[PDB]
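> Pasting a structure here, questions to come.
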Number of protein chains: 2
Amino acid sequence: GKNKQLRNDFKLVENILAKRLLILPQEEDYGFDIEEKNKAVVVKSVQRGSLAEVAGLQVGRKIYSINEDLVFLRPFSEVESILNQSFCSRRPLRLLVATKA
Amino acid sequence: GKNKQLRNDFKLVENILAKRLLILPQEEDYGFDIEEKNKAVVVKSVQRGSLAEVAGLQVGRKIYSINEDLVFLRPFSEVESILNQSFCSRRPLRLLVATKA
């Protein structure tokens, strides 16, 4: 039932379909850029040598949540503001990112 | 925290990354075949005109769970036995299947 589905979906996401990354703020951003593809947000670029690369963030992967707020429920423009806001506040950035297909 | 992650992972799986299908048993099986690709189980073939096709099962998609038992935790051989066993018992087959990339 619903309870088993909750447990299964956690196991599936956390272990197979995605991983949790943490990136500290750098000079002007978190060392990466995002773009929209289909209705999903994906990493557009990662700055070579940055803490984003160090953290394991790879170009072309979907970002499923930023600080445990799901991305698919929001317009792309709100997701960019969330990222910019997080940066202006110099907080650690927590991401759930897709693993490889 | 963990509780938000549980809620988010459910929303993500149920709404974005997968769908739940139900297939009734037919003559000799459920109208489809499976194979292993990477470490994942995928649909190898769907019988044209079958209840599997009717149900919306598509060739090449991953099957993430069969009757709410996760596939990735098991060897492929156990997954085949689970399917065969389900069929011999003539039970409805419930699948969580990947949506399109």
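Naming works like this for the structure tokens: A, B, ... for the chains as they're shown, residue 1 at the start of each chain, ligands 1 onward in shown order.
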Kindly provide the residues of chain B that approach chain A to within 12 Å, each paired with its closest atom pair and their distance in Å to one decimal, based on only C-alpha atoms, listed by chain and increasing number, as a Markdown table.

```
| residue | atom | partner | partner_atom | distance |
| --- | --- | --- | --- | --- |
| B:1 | CA | A:68 | CA | 8.1 |
| B:2 | CA | A:10 | CA | 9.6 |
| B:3 | CA | A:10 | CA | 10.3 |
| B:4 | CA | A:68 | CA | 7.1 |
| B:5 | CA | A:68 | CA | 6.8 |
| B:6 | CA | A:10 | CA | 5.8 |
| B:7 | CA | A:6 | CA | 7.6 |
| B:8 | CA | A:70 | CA | 6.7 |
| B:9 | CA | A:10 | CA | 5.6 |
| B:10 | CA | A:9 | CA | 5.6 |
| B:11 | CA | A:70 | CA | 8.6 |
| B:12 | CA | A:70 | CA | 7.8 |
| B:13 | CA | A:9 | CA | 6.4 |
| B:14 | CA | A:9 | CA | 8.3 |
| B:15 | CA | A:72 | CA | 9.5 |
| B:16 | CA | A:72 | CA | 8.1 |
| B:17 | CA | A:17 | CA | 8.9 |
| B:18 | CA | A:9 | CA | 10.1 |
| B:19 | CA | A:9 | CA | 11.8 |
| B:20 | CA | A:5 | CA | 10.9 |
| B:37 | CA | A:101 | CA | 10.8 |
| B:38 | CA | A:101 | CA | 9.3 |
| B:39 | CA | A:16 | CA | 10.3 |
| B:40 | CA | A:16 | CA | 9.9 |
| B:61 | CA | A:101 | CA | 11.3 |
| B:62 | CA | A:101 | CA | 10.3 |
| B:63 | CA | A:12 | CA | 11.5 |
| B:64 | CA | A:12 | CA | 7.9 |
| B:65 | CA | A:8 | CA | 8.6 |
| B:66 | CA | A:8 | CA | 11.3 |
| B:67 | CA | A:1 | CA | 9.8 |
| B:68 | CA | A:5 | CA | 6.8 |
| B:69 | CA | A:8 | CA | 7.8 |
| B:70 | CA | A:8 | CA | 6.7 |
| B:71 | CA | A:12 | CA | 9.5 |
| B:72 | CA | A:16 | CA | 8.1 |
| B:73 | CA | A:12 | CA | 9.8 |
| B:94 | CA | A:1 | CA | 11.6 |
| B:95 | CA | A:5 | CA | 11.8 |
| B:96 | CA | A:5 | CA | 10.0 |
| B:98 | CA | A:17 | CA | 10.6 |
| B:100 | CA | A:38 | CA | 11.0 |
| B:101 | CA | A:101 | CA | 8.8 |
```
> Using all C-alpha atoms paired in order, least-squares fit chain B onto chain A and give me the moved copy as a CSV table (one decimal) with C-alpha atoms, in the first residue's frame.

```csv
chain,number,residue,atom,x,y,z
B,1,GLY,CA,0.0,0.0,0.0
B,2,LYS,CA,0.9,3.7,0.4
B,3,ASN,CA,3.3,3.1,3.2
B,4,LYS,CA,5.3,0.4,1.3
B,5,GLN,CA,5.3,2.8,-1.7
B,6,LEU,CA,6.8,5.6,0.4
B,7,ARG,CA,9.6,3.3,1.6
B,8,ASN,CA,10.2,1.9,-1.9
B,9,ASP,CA,10.2,5.3,-3.6
B,10,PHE,CA,12.8,6.5,-1.0
B,11,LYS,CA,15.0,3.5,-1.6
B,12,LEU,CA,14.7,3.9,-5.3
B,13,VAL,CA,15.5,7.6,-5.4
B,14,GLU,CA,18.2,7.7,-2.9
B,15,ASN,CA,20.0,4.6,-4.1
B,16,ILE,CA,19.3,4.2,-7.8
B,17,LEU,CA,17.9,7.2,-9.6
B,18,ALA,CA,19.6,10.2,-7.9
B,19,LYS,CA,22.3,11.4,-5.5
B,20,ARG,CA,22.6,14.2,-3.0
B,21,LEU,CA,25.3,16.8,-3.5
B,22,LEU,CA,26.4,19.7,-1.5
B,23,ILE,CA,28.2,22.8,-3.0
B,24,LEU,CA,29.6,25.7,-1.0
B,25,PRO,CA,29.3,29.2,-2.6
B,26,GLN,CA,32.2,30.5,-4.6
B,27,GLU,CA,33.0,34.0,-6.0
B,28,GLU,CA,29.9,34.8,-8.1
B,29,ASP,CA,27.8,31.6,-7.9
B,30,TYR,CA,28.0,27.9,-7.1
B,31,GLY,CA,30.3,27.1,-10.1
B,32,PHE,CA,27.6,25.9,-12.4
B,33,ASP,CA,24.8,27.1,-14.6
B,34,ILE,CA,21.4,25.6,-15.4
B,35,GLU,CA,19.0,25.5,-18.4
B,36,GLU,CA,15.6,24.1,-19.3
B,37,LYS,CA,15.3,20.9,-21.4
B,38,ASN,CA,11.9,19.3,-22.0
B,39,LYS,CA,10.1,20.5,-18.7
B,40,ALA,CA,13.1,19.7,-16.6
B,41,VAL,CA,16.0,21.7,-15.3
B,42,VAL,CA,19.5,20.4,-16.2
B,43,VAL,CA,23.0,21.5,-15.6
B,44,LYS,CA,24.2,23.7,-18.5
B,45,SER,CA,27.8,24.0,-17.5
B,46,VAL,CA,30.2,23.2,-14.7
B,47,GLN,CA,33.2,25.5,-14.1
B,48,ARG,CA,36.4,23.4,-14.5
B,49,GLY,CA,38.2,23.1,-11.1
B,50,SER,CA,35.3,24.5,-9.1
B,51,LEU,CA,33.7,23.1,-5.9
B,52,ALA,CA,30.8,22.1,-8.1
B,53,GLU,CA,33.0,19.7,-10.0
B,54,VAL,CA,34.7,18.6,-6.8
B,55,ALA,CA,31.2,17.9,-5.4
B,56,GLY,CA,30.5,15.6,-8.4
B,57,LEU,CA,28.0,17.7,-10.5
B,58,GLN,CA,28.0,16.8,-14.2
B,59,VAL,CA,26.8,18.6,-17.3
B,60,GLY,CA,23.4,17.4,-18.7
B,61,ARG,CA,22.0,15.8,-15.5
B,62,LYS,CA,18.6,16.8,-14.2
B,63,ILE,CA,18.3,18.6,-10.9
B,64,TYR,CA,15.3,17.2,-9.1
B,65,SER,CA,15.3,19.4,-6.0
B,66,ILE,CA,17.2,22.4,-4.6
B,67,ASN,CA,17.3,22.4,-0.7
B,68,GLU,CA,14.5,19.8,-0.6
B,69,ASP,CA,12.1,21.9,-2.7
B,70,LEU,CA,11.1,19.9,-5.8
B,71,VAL,CA,11.8,21.6,-9.1
B,72,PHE,CA,9.1,20.2,-11.3
B,73,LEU,CA,6.3,22.0,-9.3
B,74,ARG,CA,7.8,25.4,-10.3
B,75,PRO,CA,8.4,27.5,-13.4
B,76,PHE,CA,12.0,27.7,-14.5
B,77,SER,CA,12.1,31.4,-13.6
B,78,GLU,CA,11.4,30.7,-9.9
B,79,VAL,CA,14.1,28.0,-9.9
B,80,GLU,CA,16.7,30.6,-11.1
B,81,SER,CA,15.6,33.0,-8.4
B,82,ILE,CA,15.8,30.2,-5.8
B,83,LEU,CA,19.5,29.6,-6.9
B,84,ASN,CA,20.3,33.3,-6.9
B,85,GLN,CA,18.7,33.8,-3.6
B,86,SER,CA,20.6,30.9,-2.0
B,87,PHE,CA,23.8,32.4,-3.4
B,88,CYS,CA,23.2,36.0,-2.2
B,89,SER,CA,22.7,34.4,1.3
B,90,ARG,CA,26.0,32.5,1.0
B,91,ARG,CA,24.3,29.3,2.2
B,92,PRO,CA,25.5,25.8,1.3
B,93,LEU,CA,23.5,24.5,-1.7
B,94,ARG,CA,22.0,21.0,-1.4
B,95,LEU,CA,20.9,19.3,-4.6
B,96,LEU,CA,19.2,16.0,-5.5
B,97,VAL,CA,20.7,15.3,-9.0
B,98,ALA,CA,19.9,12.5,-11.4
B,99,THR,CA,22.4,9.6,-11.7
B,100,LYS,CA,23.4,8.2,-15.1
B,101,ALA,CA,20.8,6.4,-17.3
```
> Name the residues of chain A that come out as strand (DSSP E) in a backbone DSSP run; write them as an MDAnalysis selection string.
chainID A and resid 18:23 32:37 40:46 63:66 69:70 93:98
> Among chain A, which residues does DSSP mark as helix (DSSP H, G or I) when it is run on the backbone? Keep the chain and numbering as in the structure and answer as a VMD selection string.
chain A and resid 2 to 17 51 to 55 76 to 88
> Please dump the current selection as an mmCIF file, in the first residue's frame; keep N, CA and C atoms.

```
data_model
loop_
_atom_site.group_PDB
_atom_site.id
_atom_site.type_symbol
_atom_site.label_atom_id
_atom_site.label_comp_id
_atom_site.auth_asym_id
_atom_site.auth_seq_id
_atom_site.Cartn_x
_atom_site.Cartn_y
_atom_site.Cartn_z
ATOM 1 N N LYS A 2 0.238 2.369 0.426
ATOM 2 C CA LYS A 2 0.893 3.675 0.381
ATOM 3 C C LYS A 2 2.172 3.708 1.194
ATOM 4 N N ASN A 3 2.166 3.035 2.335
ATOM 5 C CA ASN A 3 3.331 3.052 3.224
ATOM 6 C C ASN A 3 4.536 2.335 2.643
ATOM 7 N N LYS A 4 4.303 1.164 2.060
ATOM 8 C CA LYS A 4 5.344 0.444 1.333
ATOM 9 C C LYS A 4 5.849 1.273 0.152
ATOM 10 N N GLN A 5 4.941 1.946 -0.551
ATOM 11 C CA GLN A 5 5.322 2.780 -1.697
ATOM 12 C C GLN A 5 6.227 3.921 -1.274
ATOM 13 N N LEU A 6 5.927 4.514 -0.131
ATOM 14 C CA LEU A 6 6.770 5.556 0.430
ATOM 15 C C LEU A 6 8.178 5.021 0.681
ATOM 16 N N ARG A 7 8.267 3.861 1.333
ATOM 17 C CA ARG A 7 9.563 3.252 1.637
ATOM 18 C C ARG A 7 10.317 2.860 0.380
ATOM 19 N N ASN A 8 9.618 2.238 -0.567
ATOM 20 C CA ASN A 8 10.204 1.861 -1.850
ATOM 21 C C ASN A 8 10.687 3.059 -2.658
ATOM 22 N N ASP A 9 9.868 4.101 -2.762
ATOM 23 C CA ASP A 9 10.239 5.290 -3.552
ATOM 24 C C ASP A 9 11.486 5.991 -2.973
ATOM 25 N N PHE A 10 11.602 6.016 -1.649
ATOM 26 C CA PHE A 10 12.804 6.544 -0.993
ATOM 27 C C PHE A 10 14.010 5.704 -1.404
ATOM 28 N N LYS A 11 13.926 4.391 -1.176
ATOM 29 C CA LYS A 11 15.027 3.505 -1.557
ATOM 30 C C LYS A 11 15.416 3.699 -3.017
ATOM 31 N N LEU A 12 14.426 3.778 -3.898
ATOM 32 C CA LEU A 12 14.681 3.883 -5.328
ATOM 33 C C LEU A 12 15.398 5.178 -5.643
ATOM 34 N N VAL A 13 14.871 6.294 -5.152
ATOM 35 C CA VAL A 13 15.469 7.599 -5.448
ATOM 36 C C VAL A 13 16.844 7.737 -4.853
ATOM 37 N N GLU A 14 16.958 7.459 -3.566
ATOM 38 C CA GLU A 14 18.214 7.717 -2.868
ATOM 39 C C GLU A 14 19.336 6.803 -3.320
ATOM 40 N N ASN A 15 18.992 5.603 -3.779
ATOM 41 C CA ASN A 15 20.008 4.598 -4.081
ATOM 42 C C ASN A 15 20.241 4.374 -5.558
ATOM 43 N N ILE A 16 19.204 4.529 -6.386
ATOM 44 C CA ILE A 16 19.337 4.220 -7.823
ATOM 45 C C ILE A 16 19.266 5.431 -8.759
ATOM 46 N N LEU A 17 18.210 6.215 -8.634
ATOM 47 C CA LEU A 17 17.871 7.215 -9.635
ATOM 48 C C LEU A 17 18.512 8.600 -9.437
ATOM 49 N N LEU A 51 34.297 23.972 -6.943
ATOM 50 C CA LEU A 51 33.715 23.135 -5.891
ATOM 51 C C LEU A 51 32.493 22.342 -6.377
ATOM 52 N N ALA A 52 31.858 22.802 -7.452
ATOM 53 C CA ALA A 52 30.755 22.057 -8.054
ATOM 54 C C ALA A 52 31.267 20.766 -8.699
ATOM 55 N N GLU A 53 32.389 20.865 -9.404
ATOM 56 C CA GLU A 53 33.030 19.713 -10.023
ATOM 57 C C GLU A 53 33.538 18.772 -8.942
ATOM 58 N N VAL A 54 34.290 19.331 -7.998
ATOM 59 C CA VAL A 54 34.702 18.614 -6.787
ATOM 60 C C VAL A 54 33.542 17.838 -6.156
ATOM 61 N N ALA A 55 32.361 18.459 -6.099
ATOM 62 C CA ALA A 55 31.183 17.866 -5.439
ATOM 63 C C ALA A 55 30.598 16.714 -6.238
ATOM 64 N N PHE A 76 10.579 27.560 -14.468
ATOM 65 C CA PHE A 76 12.021 27.719 -14.539
ATOM 66 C C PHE A 76 12.506 29.030 -13.893
ATOM 67 N N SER A 77 11.755 30.111 -14.098
ATOM 68 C CA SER A 77 12.139 31.435 -13.598
ATOM 69 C C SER A 77 12.216 31.477 -12.069
ATOM 70 N N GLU A 78 11.294 30.795 -11.397
ATOM 71 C CA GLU A 78 11.359 30.662 -9.936
ATOM 72 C C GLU A 78 12.557 29.839 -9.462
ATOM 73 N N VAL A 79 12.953 28.833 -10.230
ATOM 74 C CA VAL A 79 14.116 28.002 -9.895
ATOM 75 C C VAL A 79 15.405 28.816 -9.968
ATOM 76 N N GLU A 80 15.537 29.657 -10.996
ATOM 77 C CA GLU A 80 16.706 30.557 -11.107
ATOM 78 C C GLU A 80 16.768 31.520 -9.911
ATOM 79 N N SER A 81 15.641 32.126 -9.545
ATOM 80 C CA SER A 81 15.569 33.024 -8.364
ATOM 81 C C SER A 81 15.935 32.302 -7.067
ATOM 82 N N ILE A 82 15.490 31.046 -6.934
ATOM 83 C CA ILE A 82 15.849 30.223 -5.767
ATOM 84 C C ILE A 82 17.362 30.057 -5.670
ATOM 85 N N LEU A 83 17.989 29.757 -6.805
ATOM 86 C CA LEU A 83 19.454 29.592 -6.850
ATOM 87 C C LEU A 83 20.172 30.885 -6.534
ATOM 88 N N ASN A 84 19.734 31.976 -7.176
ATOM 89 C CA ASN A 84 20.337 33.295 -6.938
ATOM 90 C C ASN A 84 20.160 33.717 -5.509
ATOM 91 N N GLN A 85 18.977 33.476 -4.967
ATOM 92 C CA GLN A 85 18.706 33.843 -3.585
ATOM 93 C C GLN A 85 19.587 33.073 -2.632
ATOM 94 N N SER A 86 19.710 31.773 -2.875
ATOM 95 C CA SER A 86 20.560 30.928 -2.049
ATOM 96 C C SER A 86 21.973 31.463 -2.073
ATOM 97 N N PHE A 87 22.444 31.847 -3.256
ATOM 98 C CA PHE A 87 23.807 32.357 -3.372
ATOM 99 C C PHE A 87 23.993 33.689 -2.632
ATOM 100 N N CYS A 88 23.071 34.637 -2.820
ATOM 101 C CA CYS A 88 23.223 35.953 -2.192
ATOM 102 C C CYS A 88 23.321 35.789 -0.672
#
```
